[PDB]
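Worksheet: one structure, shown below.
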Amino acid sequence: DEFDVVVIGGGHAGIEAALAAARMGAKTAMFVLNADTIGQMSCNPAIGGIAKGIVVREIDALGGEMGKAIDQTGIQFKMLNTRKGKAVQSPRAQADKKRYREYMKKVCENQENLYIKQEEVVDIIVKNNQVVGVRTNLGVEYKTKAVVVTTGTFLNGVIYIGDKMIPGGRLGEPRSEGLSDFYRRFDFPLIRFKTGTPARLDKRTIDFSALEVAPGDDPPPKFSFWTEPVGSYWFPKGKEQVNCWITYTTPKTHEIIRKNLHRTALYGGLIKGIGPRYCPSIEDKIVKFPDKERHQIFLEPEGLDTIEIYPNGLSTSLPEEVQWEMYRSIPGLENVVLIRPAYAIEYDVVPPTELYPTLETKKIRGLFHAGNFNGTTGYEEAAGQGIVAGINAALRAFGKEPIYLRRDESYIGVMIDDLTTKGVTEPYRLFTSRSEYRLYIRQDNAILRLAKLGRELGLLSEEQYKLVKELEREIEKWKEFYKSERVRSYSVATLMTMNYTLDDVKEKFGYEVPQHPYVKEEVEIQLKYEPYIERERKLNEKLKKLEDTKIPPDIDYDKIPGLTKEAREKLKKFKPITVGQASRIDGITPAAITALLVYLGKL
Amino acid sequence: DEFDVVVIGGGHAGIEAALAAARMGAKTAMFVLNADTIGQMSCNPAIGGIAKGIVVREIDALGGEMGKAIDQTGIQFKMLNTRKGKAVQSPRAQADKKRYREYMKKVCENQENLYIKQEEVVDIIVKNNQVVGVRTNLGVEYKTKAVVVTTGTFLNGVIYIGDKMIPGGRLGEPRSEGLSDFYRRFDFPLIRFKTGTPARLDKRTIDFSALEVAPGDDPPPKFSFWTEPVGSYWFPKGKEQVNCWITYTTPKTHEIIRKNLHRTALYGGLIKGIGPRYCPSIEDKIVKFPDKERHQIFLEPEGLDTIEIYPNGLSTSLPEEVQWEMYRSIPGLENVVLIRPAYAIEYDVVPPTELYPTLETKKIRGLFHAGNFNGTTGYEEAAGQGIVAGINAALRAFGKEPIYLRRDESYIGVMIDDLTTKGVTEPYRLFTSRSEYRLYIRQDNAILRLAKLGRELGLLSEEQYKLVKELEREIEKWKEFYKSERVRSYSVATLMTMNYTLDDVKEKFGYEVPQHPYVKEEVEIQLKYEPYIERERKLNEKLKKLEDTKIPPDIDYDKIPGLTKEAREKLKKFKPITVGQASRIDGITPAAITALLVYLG
Ligand SMILES: Cc1cc2nc3c(=O)[nH]c(=O)nc-3n(C[C@H](O)[C@H](O)[C@H](O)COP(=O)(O)OP(=O)(O)OC[C@H]3O[C@@H](n4cnc5c(N)ncnc54)[C@H](O)[C@@H]3O)c2cc1C
Ligand SMILES: Cc1cc2nc3c(=O)[nH]c(=O)nc-3n(C[C@H](O)[C@H](O)[C@H](O)COP(=O)(O)OP(=O)(O)OC[C@H]3O[C@@H](n4cnc5c(N)ncnc54)[C@H](O)[C@@H]3O)c2cc1C
């Protein structure tokens with residue numbers, strides 16, 4: 001039959017995209033190679049982290065699932081980097097791979113207008129650069145208005161272990177092959193990225209005696225402003241949480257890796273690294289920091305019913321023989337046994353630059369990319385892209401105009417922007433990026449920042465938006481209050497900026513305090529941070545000014561006065577939507593930008 | 001008339017290349033836009049540093065000048081990173097920009113077979129992919145066998161200040177334009193890199209009262225195993241040295257820069273950094289490190305007779321008005337005045353991958369690139385490339401075969417390899433690279449490691465090689481000695497590994513201290529490190545085994561069994577010379593490498 005939107009992929013990106021596009025009312029066909037793998041978590045057994053955490057909340061705020069999901073199936077939540085402030089924190093729960101998968105799968109089945117299909121999409125049918133359909137490897141064709149590609153680590157994937165190559169997209173699964181011809185056919189740049197993962201350990205064979213413990217936090221935090229408790233962002237003290245364990249590599253582990261560097265496809269270059277704990281393979285951790293003698297390693301539970309341990313911080317592509325020797329050089333694992341070997345995955349990727357901040361292909365209309373296929377890596381980073389892609393894919397199908405998240409309003413917008421404008425040299429991660437609005441884009445205000453875009457599209461219930469609209473309205477009342485009261489003589493509001501929690505203001509000064517968990521921790525923040533937020537908003541006024549100046553999708557970049565010839569072209573290939581964006585293009589200089597502003601400064 | 005080798009460039013790359021190519025006996029035409037700028041130091045007023053230092057010694061050991069140069073014209077030497085060991089140290093002297101320039105200039109004039117030319121080369125004449133000549137912007141042509149391009153920051157250069165563009169290759173100088181058409185004509189990939197430099201301050205307007213002092217070291221070190229004292233690597237205590245001063249930025253400085261990031265072509269990349277002390281601009285240290293509140297700044301003397309201060313760690317491309325406000329927000333510079341504004345330079349560069357480890361273009365025979373035109377940045381990193389390029393350009397001209405420095409024998413080889421094999425995304429620096437033989441490629445054994453390649457080519461005097469061959473032969477004798485003597489009863493040799501300097505072995509155990517200065521500090525090292533050096537040599541045996549397996553320049557990468565089709569190609573475009581090298585190519589995997597090793601058997 002026919003479809004409005006076809007989502008090639010059942011992964012994280014696929015889901016969010018498919019769900020949204022459907023929830024917005026589009027007949028959505030979500031293709032998958034193996035239905036039983038819908039929502040499968042293939043690497044670290046956790047959702048959230050430094051930057052990731054924030055993203056989730058946004059996806060949640062927007063009406064996506066990833067939030068709700070990790071919550072109901074999480075087995076160990078906690079807030080990271082607690083000794084710095086509330087704005088610079090981020091939630092990172094542990095997950096039950098099994099239950100998570102089942103969850104997401106269940107949702108997709110039970111979602112109106114979302115039809116699942118287990119056929120490998122091989123081609124994209126295009127008439128005059130407009131998506132018209134999709135064709136599977138079973139000689140079947142389908143009529144669709146929009147397509148959202150999210151192949152992740154599958155397109156012509158190759159598993160690397162030792163010096164062995166094995167066709168596939170994930171250890172044990174097949175791979176996709178056909179769809180790449182369509183891409184080379186139309187001349188999209190194709191490049192390959194390869195990432196690694198740690199093997200899987202036998203819990204039974206590990207010695208958890210002389211090892212630290214990383215419990216969750218009580219009360220534990222929650223990734224959704226929709227789960228129970230509703231409207232809140234926390235779990236009632238006393239929830240069941242599992243424990244992770246910590247061991248460290250040793251001088252011997254290294255000598256082992258070193259001895260076999262010529263046997264691993266993850267032996268990157270010898271360049272002074274960004275940080276011991278920013279590098280992927282454990283092979284880098286010793287190539288880039290030839291002076292550190294031990295790196296932290298997180299043994300993580302993959303679920304409740306499983307004896308499978310995840311040795312976080314130990315991904316590699318060393319021979320399997322070697323993989324044993326080195327896993328057993330670690331304290332606690334001297335007798336461990338592997339259930340699945342660690343390995344490396346290489347896969348086809350189409351440079352983000354080939355898209356607009358709407359995630360729509362510049363060359364073809366109706367085609368949207370997202371996920372690892374977009375140069376990213378991580379469940380979250382991928383999820384973020386999906387929802388945007390899906391939302392737009394929908395609108396594109398519906399006959400409306402695509403939307404986009406500004407880099408100064410959602411940490412997602414940041415990613416999508418850093419991607420469609422600066423491209424990628426290696427897999428793009430979030431805990432690598434920074435926001436020129438690190439204080440306005442917090443891990444809490446998220447719901448407030450995006451909730452409206454939500455209700456606007458439909459991804460958010462009418463009733464849902466009111467709880468937000470209502471909760472917020474109240475957050476400012478309580479603030480206008482502390483602003484007017486006094487205590488020299490300062491304002492209670494002005495107090496939060498002096499290590500004054502709305503809890504010390506209730507005791508030391510016997511004042512009232514908000515009676516809804518969110519409004520209290522929210523009002524407490526906004527007031528403690530309102531100053532710094534402004535200094536920040538100010539130091540960027542100029543930047544925002546640009547980001548606010550729109551550039552027509554028709555202007556001829558030649559009719560532009562005193563605009564270098566070289567830049568005339570980059571400006572035609574990126575077709576920036578805002579002057580600000582146009583200024584972030586590498587090559588386009590302040591000089592060029594002015595000459596451009598002048599042009600527009602007549603029109 | 002005609003030439004064997006034409007060296008387009010009078011910069012550092014140009015020099016070493018030109019000098020060598022000529023010293024080896026080739027009619028060498030070294031072209032320059034402005035003769036008075038031969039050997040001009042355009043950025044930091046110093047030679048050496050973390051990685052750089054070592055390179056120099058190598059170029060010195062090979063017969064290049066840069067070493068000798070910095071020595072006789074240096075105004076403040078010193079060894080960096082002294083609290084870690086002797087192998088992990090590196091010499092970094094301050095220079096007298098003026099004196100240095102004059103020096104190198106002098107040398108080139110007085111060098112047999114080296115003819116200077118102040119004409120802008122515009123084209124390279126090629127018949128059947130073979131360099132046959134060069135053509136200047138004056139409608140003149142020249143017959144040459146080889147060409148060594150080293151345009152540095154000039155090919156279609158553009159100076160950026162605030163939002164102003166100014167054609168040129170350096171503040172105040174012109175630029176090159178024509179030569180780039182030759183490159184696009186033949187399909188070379190052309191990309192642009194831009195770097196920045198700090199302005200220049202009026203020494204008279206600075207307050208050097210409440211600021212630290214960074215004197216040289218006594219005795220100070222020397223970058224040449226040829227200057228005085230000969231054979232040694234040290235200067236007799238008591239030499240004249242200048243002093244640098246240290247101030248730090250302030251929270252205000254930053255708010256200034258921040259306020260003006262929309263007016264500086266150097267702002268970009270919210271990516272987390274590798275350390276503040278590693279970024280170029282100062283507009284970075286406040287974008288990549290939004291939490292640090294003060295960065296060290298080294299006020300450095302540009303010479304003896306000059307009142308020009310170099311604010312190390314403050315390069316920027318901010319408007320000139322802003323440049324004032326932010327230079328005057330710094331402690332000591334509240335009243336300073338600028339002589340030259342700081343700025344940014346953007347310039348044409350042809351991706352290194354377009355060359356072999358011999359620095360010869362893959363597409364055209366007889367054409368060699370080097371310097372910043374090759375994706376590099378820095379006097380040293382550029383110098384290193386030149387000498388190799390020149391050496392080969394020579395041999396190519398002479399009708400012999402090009403040579404190359406292996407990555408496990410010279411830190412230079414490292415650079416050249418990191419470049420011709422992994423290409424560049426941004427300007428390549430040395431203090432960013434690491435060597436899988438950090439202990440065997442030290443800042444002293446250099447002379448020993450390369451000396452022979454030197455005499456082999458001619459760049460080193462016959463009598464020069466003997467001093468080396470002789471000094472070395474003696475370094476081992478004295479070792480054979482400490483190895484056999486005892487003390488339970490360990491060996492004196494085995495003692496150096498226990499914080500035993502051949503100085504404590506002369507006092508505490510009344511033994512004999514070596515003949516001359518080098519043999520003493522050398523034997524003292526080699527013995528203190530002989531262990532670690534071996535553990536290292538071993539952990540890499542496998543890697544070297546590959547690096548030793550040679551790949552014929554003829555083999556059809558198709559006739560190779562079970563070698564993925566995608567890799568068949570990359571292996572065609574890099575035409576690796578070594579299997580080891582072939583393994584460093586991004587894309588070529590251990591899988592592919594084995595399938596290859598099988599083929600070759
Ligand atoms: C080996 C390995 C290493 C990793 N390393 C890291 C890391 O270092 N850091 C990090 O953050 N994350 C890492 N990850 C996580 C990775 O980012 C996610 O696993 C996932 O691939 C990203 O989400 P996605 O939605 O793009 O794709 P996926 O979740 O992988 O889903 C892709 C889906 O597309 C379908 N598909 C593929 N081709 C076709 C086709 N032609 N037709 C129809 N359907 C198709 C598949 O069935 C699959 O369901 C790693 C994963 C692996 C497997
Ligand atoms: C703005 C700026 C920023 C810098 N930043 C850094 C930094 O961050 N870190 C660092 O280590 N170093 C930095 N440097 C130093 C720089 O790397 C060296 O000055 C130089 O580029 C390296 O040596 P070279 O021989 O390749 O080129 P150059 O020293 O530039 O010399 C090239 C020579 O070739 C001649 N020439 C050019 N084109 C032609 C032609 N077509 N025909 C004939 N002759 C020609 C010129 O006259 C010139 O003398 C910077 C320099 C500048 C100017």
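Simple scheme: letters A, B, ... for chains in structure tokens order, numbers from 1 for residues in each chain, numbers from 1 for ligands in the order shown.
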Counting only C-alpha atoms, which residues of chain A fall within 7 Å of chain B, and what is the closest atom pair for each with its distance in Å at one decimal, ordered by chain and rising number, as a Markdown table?
```
| residue | atom | partner | partner_atom | distance |
| --- | --- | --- | --- | --- |
| A:163 | CA | B:591 | CA | 4.0 |
| A:164 | CA | B:591 | CA | 5.5 |
| A:165 | CA | B:591 | CA | 6.5 |
| A:258 | CA | B:539 | CA | 6.2 |
| A:259 | CA | B:539 | CA | 5.0 |
| A:262 | CA | B:543 | CA | 6.2 |
| A:263 | CA | B:590 | CA | 5.6 |
| A:264 | CA | B:590 | CA | 6.3 |
| A:265 | CA | B:589 | CA | 5.3 |
| A:270 | CA | B:434 | CA | 5.3 |
| A:271 | CA | B:433 | CA | 4.7 |
| A:272 | CA | B:432 | CA | 5.1 |
| A:273 | CA | B:274 | CA | 6.1 |
| A:274 | CA | B:274 | CA | 4.3 |
| A:275 | CA | B:274 | CA | 6.9 |
| A:432 | CA | B:272 | CA | 5.4 |
| A:433 | CA | B:271 | CA | 4.7 |
| A:434 | CA | B:270 | CA | 5.0 |
| A:435 | CA | B:270 | CA | 6.9 |
| A:539 | CA | B:259 | CA | 5.2 |
| A:540 | CA | B:259 | CA | 7.0 |
| A:542 | CA | B:262 | CA | 6.9 |
| A:543 | CA | B:262 | CA | 6.3 |
| A:589 | CA | B:265 | CA | 5.4 |
| A:590 | CA | B:163 | CA | 4.9 |
| A:591 | CA | B:163 | CA | 4.2 |
```
**Report entry** Close residues, residue 476 in chain B itself excluded, 9 Å, only C-alpha atoms, min 5 positions apart in chain, as a VMD selection string
**Finding:** chain B and resid 481 519 523
Requested in this report: Just the residues within 9 Å of residue 293 in chain A, please, counting only C-alpha atoms, with nothing from its chain fewer than 5 positions along; format it as a PyMOL selection string.
Outcome: chain A and resi 249-251+254+286
Query - Nearby residues, ligand 1, 7 Å, only C-alpha atoms and all ligand atoms, as a PyMOL selection string - result: chain A and resi 8-14+31-34+37-43+119-122+150-155+169-170+175-179+195-197+280+343-345+370-373+376-379+382-383+429
Restricting it to C-alpha atoms, dump the selection as a PDB file, in the first residue's frame.
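Resulting contents of again.pdb:
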```pdb
ATOM      1  CA  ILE A   8      13.981   3.238   7.369  1.00  0.00           C
ATOM      2  CA  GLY A   9      15.060   1.968  10.767  1.00  0.00           C
ATOM      3  CA  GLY A  10      13.795   0.543  14.029  1.00  0.00           C
ATOM      4  CA  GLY A  11      16.633   1.918  16.126  1.00  0.00           C
ATOM      5  CA  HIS A  12      16.436   4.913  18.476  1.00  0.00           C
ATOM      6  CA  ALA A  13      16.432   7.517  15.727  1.00  0.00           C
ATOM      7  CA  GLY A  14      13.926   5.492  13.772  1.00  0.00           C
ATOM      8  CA  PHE A  31      10.929  -0.645   8.343  1.00  0.00           C
ATOM      9  CA  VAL A  32      13.234  -2.967  10.280  1.00  0.00           C
ATOM     10  CA  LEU A  33      15.560  -5.821   9.473  1.00  0.00           C
ATOM     11  CA  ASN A  34      14.480  -7.713  12.553  1.00  0.00           C
ATOM     12  CA  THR A  37      15.448  -5.802  17.676  1.00  0.00           C
ATOM     13  CA  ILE A  38      13.218  -2.714  17.801  1.00  0.00           C
ATOM     14  CA  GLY A  39      14.675  -0.399  20.391  1.00  0.00           C
ATOM     15  CA  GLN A  40      17.743  -2.533  20.989  1.00  0.00           C
ATOM     16  CA  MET A  41      20.466  -0.966  23.112  1.00  0.00           C
ATOM     17  CA  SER A  42      23.760  -2.172  21.606  1.00  0.00           C
ATOM     18  CA  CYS A  43      26.469  -0.437  23.609  1.00  0.00           C
ATOM     19  CA  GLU A 119      11.856  -5.782   4.880  1.00  0.00           C
ATOM     20  CA  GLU A 120      15.246  -4.315   3.966  1.00  0.00           C
ATOM     21  CA  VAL A 121      14.767  -1.082   2.096  1.00  0.00           C
ATOM     22  CA  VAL A 122      17.060  -1.027  -0.921  1.00  0.00           C
ATOM     23  CA  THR A 150      18.146   6.005  10.113  1.00  0.00           C
ATOM     24  CA  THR A 151      20.280   2.947   9.270  1.00  0.00           C
ATOM     25  CA  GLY A 152      22.660   3.490  12.179  1.00  0.00           C
ATOM     26  CA  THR A 153      25.591   1.073  12.164  1.00  0.00           C
ATOM     27  CA  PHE A 154      24.194  -1.077   9.341  1.00  0.00           C
ATOM     28  CA  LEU A 155      24.684   0.299   5.811  1.00  0.00           C
ATOM     29  CA  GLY A 169      25.577  -4.343  11.417  1.00  0.00           C
ATOM     30  CA  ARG A 170      26.015  -5.548  14.999  1.00  0.00           C
ATOM     31  CA  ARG A 175      23.631  -5.703   7.500  1.00  0.00           C
ATOM     32  CA  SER A 176      22.092  -3.527   4.774  1.00  0.00           C
ATOM     33  CA  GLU A 177      23.679  -3.234   1.337  1.00  0.00           C
ATOM     34  CA  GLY A 178      21.364  -1.945  -1.350  1.00  0.00           C
ATOM     35  CA  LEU A 179      20.362   1.467  -0.059  1.00  0.00           C
ATOM     36  CA  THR A 195      33.323   2.684  16.710  1.00  0.00           C
ATOM     37  CA  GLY A 196      33.938  -0.025  19.293  1.00  0.00           C
ATOM     38  CA  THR A 197      32.211  -1.724  22.207  1.00  0.00           C
ATOM     39  CA  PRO A 280      36.527   5.301  23.075  1.00  0.00           C
ATOM     40  CA  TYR A 343      34.577  -5.587  18.697  1.00  0.00           C
ATOM     41  CA  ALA A 344      34.550  -2.701  16.235  1.00  0.00           C
ATOM     42  CA  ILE A 345      31.826  -1.698  13.753  1.00  0.00           C
ATOM     43  CA  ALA A 370      19.251  10.980  11.315  1.00  0.00           C
ATOM     44  CA  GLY A 371      21.092   8.847  13.812  1.00  0.00           C
ATOM     45  CA  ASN A 372      24.491   7.229  13.394  1.00  0.00           C
ATOM     46  CA  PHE A 373      23.989   7.406   9.665  1.00  0.00           C
ATOM     47  CA  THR A 376      26.678  10.800  15.346  1.00  0.00           C
ATOM     48  CA  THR A 377      27.087   8.027  17.918  1.00  0.00           C
ATOM     49  CA  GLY A 378      24.991   7.399  21.006  1.00  0.00           C
ATOM     50  CA  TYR A 379      21.391   6.496  21.774  1.00  0.00           C
ATOM     51  CA  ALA A 382      20.468   9.768  17.651  1.00  0.00           C
ATOM     52  CA  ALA A 383      17.097  10.049  19.389  1.00  0.00           C
ATOM     53  CA  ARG A 429      29.369  13.101  20.548  1.00  0.00           C
TER      54      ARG A 429
END
```
**Report entry** Neighbourhood of ligand 2 at 6 Å, counting only C-alpha atoms and all ligand atoms, reported as an MDAnalysis selection string
**Finding:** chainID B and resid 8:14 31:34 37:38 41:43 119:122 150:155 170 176 179 195:197 280 344:345 371:372 377:379 382
Requested in this report: Tell me, as a PyMOL selection string, which residues lie within 9 Å of residue 514 in chain B, counting only C-alpha atoms; anything in the same chain fewer than 4 positions away does not count.
Outcome: chain B and resi 475+478+502+518-521+523
Report summary line: A straight line from CA of residue 138 in chain B to CA of residue 3 in chain B spans 17.9 Å
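Distance check against residue 512 in chain B using only C-alpha atoms: of B:548, B:228, B:485, B:65, the minimum falls on B:485.
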Query raised in the report: Looking at only C-alpha atoms, which of A:261, A:138, A:190, A:403 is the one that sits closest to residue 348 in chain A?
Result: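 Using only C-alpha atoms, residue 348 in chain A sits closest to A:190.
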Query raised in the report: Restricting the calculation to only C-alpha atoms, which member of A:291, A:60, A:173, A:284 is positioned closest to residue 223 in chain A?
Result: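 That would be A:60, the residue with the smallest distance to residue 223 in chain A.
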Query raised in the report: Between A:51, A:598, A:582, A:367, which has the minimum distance to residue 124 in chain A (counting only C-alpha atoms)?
Result: A:367
Requested in this report: Run DSSP on the backbone and give me the residues of range 374-492 of chain A it puts in helix (DSSP H, G or I), as a VMD selection string.
Outcome: chain A and resid 374 379 to 398 411 to 422 446 to 457 462 to 484
Query raised in the report: Quick one: DSSP strand (DSSP E or B) residues in range 205-396 of chain A, as number ranges by chain?
Result: A: 212-214, 221, 234, 244-248, 271, 296-301, 308-312, 338-340, 343-349, 355, 360-361, 365, 367-369, 376
Requested in this report: For residue 483 in chain A, please output as a list in words all residues within 9 Å (counting only C-alpha atoms; exclusion window: fewer than 2 positions along the same chain).
Outcome: residues 478, 479, 480, 481, 485, 486, 491, 492, 493, 494 and 527 of chain A
Query - d(CA of residue 341 in chain A, CA of residue 168 in chain A) in Å - result: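 That distance, rounded to one decimal, is 14.8 Å.
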Requested in this report: Might you pull out every residue within 9 Å of residue 313 in chain B, with only C-alpha atoms counted and same-chain residues fewer than 4 positions away left off, and present them as a PyMOL selection string?
Outcome: chain B and resi 197-198+277+279-282+295-299
Query - Coordinates-based distance that separates CA of residue 108 in chain B from CA of residue 309 in chain B (Å, one decimal) - result: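 Interatomic distance, CA of residue 309 in chain B to CA of residue 108 in chain B: 28.6 Å.
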Query - Who sits within 10 Å of residue 527 in chain B, only C-alpha atoms, same chain under 3 positions skipped, as a ChimeraX atom specification - result: /B:476,479,482-483,492-497,500-502,522-524,530-533
What does the file look like for those residues with N, CA and C atoms, as a tab-separated table (two decimals), in the first residue's frame?
```tsv
chain	number	residue	atom	x	y	z
B	476	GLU	N	80.25	3.94	24.04
B	476	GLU	CA	80.00	2.51	24.29
B	476	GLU	C	81.09	1.88	25.14
B	479	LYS	N	80.60	2.48	28.59
B	479	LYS	CA	79.42	1.72	29.03
B	479	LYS	C	79.82	0.28	29.34
B	482	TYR	N	81.27	0.40	32.96
B	482	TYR	CA	80.30	0.42	34.05
B	482	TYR	C	79.43	-0.84	34.10
B	483	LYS	N	79.33	-1.53	32.97
B	483	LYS	CA	78.55	-2.76	32.90
B	483	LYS	C	79.24	-3.91	33.64
B	492	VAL	N	77.73	-1.02	38.01
B	492	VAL	CA	77.68	0.44	38.02
B	492	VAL	C	76.67	0.86	36.95
B	493	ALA	N	76.71	0.17	35.81
B	493	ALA	CA	75.79	0.44	34.71
B	493	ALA	C	74.38	0.35	35.28
B	494	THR	N	74.09	-0.80	35.86
B	494	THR	CA	72.80	-1.08	36.48
B	494	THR	C	72.45	-0.07	37.57
B	495	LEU	N	73.42	0.76	37.95
B	495	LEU	CA	73.20	1.76	39.00
B	495	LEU	C	72.48	3.00	38.51
B	496	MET	N	72.86	3.47	37.32
B	496	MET	CA	72.26	4.67	36.74
B	496	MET	C	70.73	4.57	36.79
B	497	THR	N	70.24	3.33	36.85
B	497	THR	CA	68.80	3.02	36.90
B	497	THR	C	68.26	3.17	38.32
B	500	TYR	N	71.51	6.94	40.09
B	500	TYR	CA	72.96	7.01	40.16
B	500	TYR	C	73.56	7.76	38.98
B	501	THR	N	73.90	9.03	39.20
B	501	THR	CA	74.50	9.83	38.16
B	501	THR	C	75.99	9.48	38.16
B	502	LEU	N	76.64	9.55	37.01
B	502	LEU	CA	78.06	9.23	36.97
B	502	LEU	C	78.86	10.22	37.81
B	522	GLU	N	76.04	11.54	27.87
B	522	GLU	CA	75.45	10.56	26.96
B	522	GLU	C	75.50	9.16	27.58
B	523	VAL	N	76.69	8.77	28.04
B	523	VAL	CA	76.83	7.47	28.67
B	523	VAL	C	75.94	7.42	29.90
B	524	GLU	N	75.85	8.54	30.62
B	524	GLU	CA	75.01	8.61	31.81
B	524	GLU	C	73.54	8.36	31.49
B	530	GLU	N	68.85	2.44	29.19
B	530	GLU	CA	68.98	1.19	28.41
B	530	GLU	C	67.86	0.18	28.68
B	531	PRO	N	67.36	0.09	29.94
B	531	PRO	CA	66.27	-0.83	30.31
B	531	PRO	C	64.98	-0.44	29.60
B	532	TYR	N	64.43	0.70	30.02
B	532	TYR	CA	63.20	1.24	29.46
B	532	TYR	C	63.21	1.24	27.93
B	533	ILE	N	64.36	1.60	27.35
B	533	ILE	CA	64.50	1.64	25.89
B	533	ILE	C	64.24	0.26	25.29
```
